[PDB]
Amino acid sequence: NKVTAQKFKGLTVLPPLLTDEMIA
Amino acid sequence: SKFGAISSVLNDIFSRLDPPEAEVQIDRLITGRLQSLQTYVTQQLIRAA
Amino acid sequence: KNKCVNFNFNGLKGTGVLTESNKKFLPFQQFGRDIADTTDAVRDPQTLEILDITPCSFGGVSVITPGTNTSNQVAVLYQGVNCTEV
Amino acid sequence: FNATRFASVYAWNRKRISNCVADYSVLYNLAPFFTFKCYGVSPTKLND
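Residues numbered from 1 in each chain as written, not as in the entry; some residues may be left out. Chains lettered and ligands numbered in written order. Part of a larger assembly, values for the part shown. Heavy atoms only, no water.

The deposited coordinates derive from cryo-EM, with the record listing a resolution of 3.5 Å.

Dropping the structure here:
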């Protein structure tokens, strides 16, 4: 909770392989 | 950013200039944008290291 | 409206989809730009109404495949898009 | 273009053109050796 957008130019953010649940 | 060209829009250059020097203008724009993207990739690599 | 078309408004050329706009910029204001300084809202010269310009649906496509030494079937991954819209 | 008397170069004239469609094809019926030098815009496709 203590740690915290529409780009048509061609910049994308890929999701990580390991979800937070697996890390937990 | 215009990067020294007469305009910063591709379609504006193509519709406002004939090919012979629109080619030079588009060349300037492309080389500037390519240099910027190269720089971004370089800092990304350094931060990855 | 509502499809990928090449448009030309008073010498301003572009390609995209024109949709009804709920923007309410004042009568004197004519064009509309965005955070990236690109014209996304426009007003028709013939009839004074507001239109929003959206780039046509693009995306990245990648291939999942085993080695060609053992087989040649492939699968297709469309990155970051719901496939009910392809 | 068809005026009878142009003003002197030092006291040059100024005219404003507005609220009208401009057809540049007519300007090609002038004297055969009119220089048409344009800066910033290609003269050929000025009609678009």
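Once the structure has been displayed, the description carries forward.
Peer 1: Residue-level account of the overall build of chain D, with values.
Peer 2: Within chain D one finds 0 helices and 0 strands. Counting across all 48 residues of chain D, residues that qualify as buried make up 4%. (Helix = DSSP H or I, 4+ residues; strand = E, 2+ residues; numbered from the N terminus. Buried < 20%, exposed > 50% of the residue type's maximum accessible area, 1.4 Å probe, protein only.)

Peer 1: How would you sum up the nonpolar core? Please name residues and give values.
Peer 2: By size, the foremost hydrophobic cluster in this structure holds 6 residues: C:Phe7, C:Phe9, C:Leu18, C:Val42, C:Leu51 and C:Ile53. Leaving out residues up to four positions away in the same chain, C:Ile53 has contacts with C:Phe7, C:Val17, C:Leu18, C:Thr39, C:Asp40 and C:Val42. (Core = buried A, V, L, I, M, F, W, Y, C linked by side-chain atoms within 4.5 Å. Contact = heavy atoms within 4.5 Å.)

Peer 1: Describe the sheet that holds strand β1 (residues 4-9) of chain C, naming the residues involved and giving the relevant values.
Peer 2: All names here are of chain C. An order of β1-β2-β4-β3 is seen for the 4 strands of this open sheet, with the pairing classed as antiparallel. With one partner strand each, in any of the chains shown, β1 and β3 (41-43) form the two edges of the open sheet. With direction set aside, neighbouring strand axes in the sheet form an average angle of 55 degrees. (Pairing = 2+ DSSP bridges. Axes fitted to C-alpha atoms, helices over the stretch in contact; angles between N-to-C directions.)

Peer 1: Mind laying out the packing of aromatic side chains, listing which residues take part and the relevant values?
Peer 2: Applying the stated criterion to the full structure yields 4 aromatic pairs over all chains. A centroid spacing of 6.1 Å and a plane angle of 45 degrees characterise the contact between C:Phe7 and C:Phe9, whose relative ring orientation is tilted. Per residue, the accessibility class of C:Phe7 equals that of C:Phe9, and both read buried. An angle of 75 degrees between the planes, with centres 5.9 Å apart, marks the rings of D:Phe34 and D:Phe36 as edge-to-face. These aromatic residues form a ring-pair network of at least three members: D:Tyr28, D:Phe34 and D:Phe36. (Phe/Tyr/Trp six-rings, centres within 6.5 Å; stacked < 30°, edge-to-face > 60°.)

Peer 1: Tell me what's going on with the interface of chain B and chain D, and back it up with residues and numbers.
Peer 2: Tallying the contact residues gives 6 residues for chain B and 4 residues for chain D. Of all residues in chain B, the largest losses of buried area upon contact with chain D belong to B:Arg16, B:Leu17 and B:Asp18, amounting jointly to 77% of the total for that side. The tally of links from chain B across to chain D stands at 0 salt bridges. Our count for the contact surface shared by chain B and chain D stands at 4 residue pairs in polar contact. Residue composition of the side of chain B that touches chain D, grouped by class: 3 nonpolar, 1 polar and 2 charged. (Buried area = accessible area lost by both parts, 1.4 Å probe. Salt bridge = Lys/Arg side-chain N within 4 Å of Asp/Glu carboxyl O. Polar contact = N/O pair within 3.5 Å; in protein donor to acceptor, adjacent residues only side chain to side chain. Nonpolar A, V, L, I, M, F, W, Y, C, P; charged D, E, K, R; others polar.)

Peer 1: Run through the pairing of strand β2 (residues 12-20) of chain C, naming residues and quoting values.
Peer 2: All names here are of chain C. Sheet analysis places β1 next to β2, joined by 6 bridges and oriented antiparallel. Among the inter-strand pairings, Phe-9 is bridged to a residue of β2, identified as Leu-12. Once β1 ends, the chain turns through 2 residues before running back antiparallel as β2, passing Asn-10 with a positive phi of about 55 degrees. Pairing between β2 and strand β4 (residues 50-54): 4 bridges, direction antiparallel. Pairing of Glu-20 across the sheet is with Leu-51, part of β4.

Peer 1: Hey, could you go over the pattern of salt bridges for me, with residue numbers and the actual values?
Peer 2: By the definition in use, this model includes 4 salt bridges over all chains. With a closest N to O distance of 4.0 Å, B:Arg16 and B:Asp12 form a salt bridge. Pair noted here: B:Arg16 and B:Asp12 are both in helix α1 (residues 10-16), with a separation of 4 residues, about one helical turn. A salt bridge links C:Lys23 to C:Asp40, with the shortest nitrogen-to-oxygen separation between them at 3.1 Å. Here C:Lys23 is found in the loop between β2 and β3, whereas its partner C:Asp40 is found in the loop between β2 and β3, with 17 residues between them in sequence.

Peer 1: Break down helix α2 (residues 19-48) of chain B for me, with residues and values.
Peer 2: All names here are of chain B. Between its first and last C-alpha, α2 extends 42 Å over 30 residues, near the 44 Å set by a 1.5 Å rise per residue. For α2, the full list of buried residues reads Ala-22, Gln-25, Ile-26, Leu-29 and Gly-32. If you follow the buried residues of α2, they end up packed against α1. (Expected span 1.5 Å × (residues − 1).)

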